[PDB]
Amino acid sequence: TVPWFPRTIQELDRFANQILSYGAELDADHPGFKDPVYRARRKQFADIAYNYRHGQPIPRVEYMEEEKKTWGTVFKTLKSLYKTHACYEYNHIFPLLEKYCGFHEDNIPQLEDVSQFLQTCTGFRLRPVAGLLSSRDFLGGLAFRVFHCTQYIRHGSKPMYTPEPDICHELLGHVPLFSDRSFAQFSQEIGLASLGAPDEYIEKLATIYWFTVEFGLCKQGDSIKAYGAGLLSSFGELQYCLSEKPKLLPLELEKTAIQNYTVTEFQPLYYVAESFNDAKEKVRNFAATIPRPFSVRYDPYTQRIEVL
């Protein structure tokens, strides 16, 4: 029996009661494990995500001096690499983020302001997320152009390191690409392909997502640039991915879908997309091979999924 999936954008509210309740900050090797203030601050962000409901403005939060310092360190260090490593779409929108969303070393941007900006560019919007969503729920939100976003920041003891996404990764890595119209369409196809798909295919789409949205490389002119969020928020891997060390392969979904990857070291290989439009087309073709007893359409006018 087809697995449940949201049919309207409000139904995404059901995901809150389906996350992993025991977060990473509870593990003994998390950088802030022994810090009780950090632990409490993380619970505070989780309660905000838990009570959030579609349609409400995302709560603004006053970040502490220590958290602002961590953000500033990450921002300054990564910014130096963008003009030469990041793709054209990233660099084209960044100045607008500095100007209208407050992306600066001394200030952590508030998610509501960022969500409104994204809405104006492509209709994408953010919602705060407690802990880890299953792959199915996470990809499902993309169908409605909704991105589940963390609002907390990594522990300040290791500013250049995080074992989980945190706000620096969401804002410096994902956000700028969601402002591009073709990228937005591309990431929404992944979402649409996932609706009602069997569990084994969700894992394939999750693997495609990892090799594009998180760790993708794309052709630009006769050069190669990074557009993956995990690359764009990682100082070391960003420099590494455009050196001679990694193996580069053209994006071919049949192969990409079953490629193994490690989450703990730099990637041994990356897939290169010709463009986001082309990647979008490939996802759509791949989606036609997923055994679903139906077809889906998103109606942006009413924010509902039509089932055919």
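Just so we're on the same page, rigid core means the largest C-alpha set that superposes within 1.5 Å between forms. From 1 onward, residues are counted along the sequence shown.
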Revision key, fill the gap. Higher Cα RMS in 8 other deposited structures of this protein relative to the shown form (core alignment), 224 to 232 or 152 to 160, goes to 224 to 232
Exercise for review: Give, as the answer, the stretch of 34 to 42 and 243 to 251 that departs more from the shown form in 8 other deposited structures of this protein; the measure is RMS Cα distance after a core fit.
Suggested key: 243 to 251
Revision key, fill the gap. Of 194 to 202 and 225 to 233, the stretch with the higher mean C-alpha B-factor in the deposited entry is 194 to 202
Check your understanding: Between 63 to 71 and 249 to 257, which has the larger average Cα B-factor in the PDB entry?
Key -> 249 to 257
Check your understanding: When you compare the CA B-factors of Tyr82, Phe124, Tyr209, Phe103 as listed in the entry, which one comes out on top?
Key -> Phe103
Point to revise | Given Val146, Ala86, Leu97, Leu177, the residue at which the Cα B factor reaches its maximum | key: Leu97
Exercise for review: Divide the modelled residues of the chain into thirds by Cα B-factor and specify which third, lowest, middle or highest, holds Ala130.
Suggested key: highest
Exercise for review: Quick one: classify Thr162 as lowest, middle or highest third of the chain based on its Cα B-factor.
Suggested key: middle
Review point. Among the chain's modelled residues, which third holds the C-alpha B-factor of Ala273?
Key: middle
Practice item. Comparing against every modelled residue in the chain, figure out the third that the C-alpha B-factor of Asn107 lands in (lowest, middle or highest). Key: highest
Revision key, fill the gap. Binned into thirds over the chain's modelled residues, the C-alpha B-factor of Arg42 lands in the lowest
